[PDB]
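S.K.:
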Amino acid sequence: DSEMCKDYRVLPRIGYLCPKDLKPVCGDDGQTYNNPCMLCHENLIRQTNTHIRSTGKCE
């Protein structure tokens, strides 16, 4: 969850760092992010501090 973004960093050459395990998470904003770390990634561009609503893709 954003709790991981509480202390993360992203540069032009480093970019974002996420695991290779694909884990579908649900977004509390009514959205879904394939990989969990990819959630903070889409949050880095939106900058809305989205958190995981539930494990797995939203249903």
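When the sequence shown is numbered by mature numbering (1 follows the signal peptide of the UniProt record, and there is no 0), its final residue is 1025 and no position is left out of the sequence of numbers.
For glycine and all other residues, C-beta sits at the position ideal for the given N, C-alpha and C.
1) In the DSSP assignment, the beta strand (DSSP E) including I1011 goes from what residue to what residue?
2) Taking C-alpha atoms, which residue in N1001, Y982 and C984 lies nearest to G993?
3) Under a three-way DSSP split, which group does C992 fall into?
4) Give the straight-line distance between the Cα atoms of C1024 and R1012, rounded to the nearest whole angstrom.
5) If you draw a straight line from the alpha carbon of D987 to that of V976, how long is it in whole angstroms?
M.R.: Walking through what the data contain:
1) From DSSP, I1011 is part of no beta strand (DSSP E) but of the alpha helix (DSSP H) over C1003 to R1012.
2) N1001
3) strand
4) 19 Å
5) 20 Å
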